[PDB]
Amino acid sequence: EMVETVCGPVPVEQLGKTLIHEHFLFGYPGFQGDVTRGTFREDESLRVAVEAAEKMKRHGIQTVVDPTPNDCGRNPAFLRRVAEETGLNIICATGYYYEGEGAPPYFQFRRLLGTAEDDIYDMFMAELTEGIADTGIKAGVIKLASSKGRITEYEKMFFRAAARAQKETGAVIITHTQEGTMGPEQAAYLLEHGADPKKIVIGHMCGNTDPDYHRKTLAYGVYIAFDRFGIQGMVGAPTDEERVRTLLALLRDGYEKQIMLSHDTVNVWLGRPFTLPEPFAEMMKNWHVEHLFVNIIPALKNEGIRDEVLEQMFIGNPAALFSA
């Protein structure tokens, strides 16, 4: 009845209103090489991350799951500073990103050595049950990710190791799907290797606008996340209007106990700062941690979605997910 947060064990019944997928920090693999022009400025980054946490608190959020992959700049000690300052519960992940935008050379080399899959399992177990580096922080979820239209041989090593670690620990699995593909396949593959559907969240499901695709995924008994609200135009993403359309169809079908919502924000980008071209910039203007509460939830309520359904998604579902 406990879950590991960046501040240690917290009762699952105390998690309350939760955002299932947000990043305080994130960097695309390779950001480390641009350190000269893209140095991590700790004080300012903490100020920004604390501000994001305070914005979430204003809307009643008590818990955030931050599934930043190990190869994408994950910094549990930094998350702990945010949580210590704000009182927000933050749950972090153990896992690597998908092959296309991850850093596969390292575990590809170890695959050639014959140890990669066992090494990954060993990493998962260490980070779930002992601690991440010298931080003393345990991950509360395993992060998995697949490529567009396939789960690659590289990715499958992590999927199998995740299923094994889940069987041993009861840990929650959170996933990334790329461009609205592989939802059913991820669920099928994980269950095939003994993972518990009630402990799995198939992510970025809002990337697909065909409700039959979602129904196919939901039939495995897993949770799904519409976790990219505010992301429009980029990353192959549909519009928020399309996201809302798909979500309403599923809620009207009675799937509320399997659905969670988030933004997948990046509050501090690692590496060099940037600005989106006016094309994407305007389309992306709502990509921030208050968007669900200021814009999306009101749009849902304008479409007849009741408070009890909303509370199921934000409070009931995370509580069930993290409970044995």
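Position 1 is the first residue in the sequence shown; the rest follow in order.
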As stated in the PDB record, which stretch has the larger average Cα B-factor, 219-227 or 89-97?
219-227
Of the two stretches 75-83 and 248-256, which shows the higher Cα B-factor on average in the entry?
248-256
In this PDB entry, which of 155, 134, 117, 210 has the top CA B-factor?
210
Among 214, 160, 176, 138, where is the Cα temperature factor highest, going by the PDB entry?
214
Lowest, middle or highest third: where is residue 239 by Cα B-factor in its chain?
highest
Considering only modelled residues of the same chain, in which third does the CA B-factor of residue 112 rank: lowest, middle or highest?
highest
Among modelled residues of the same chain, the CA temperature factor third for residue 298:
highest
Relative to the other modelled residues in the chain, which third contains the C-alpha temperature factor of residue 66: lowest, middle or highest?
lowest
Within this chain, which third does the Cα B-factor at residue 290 fall in: lowest, middle or highest?
middle
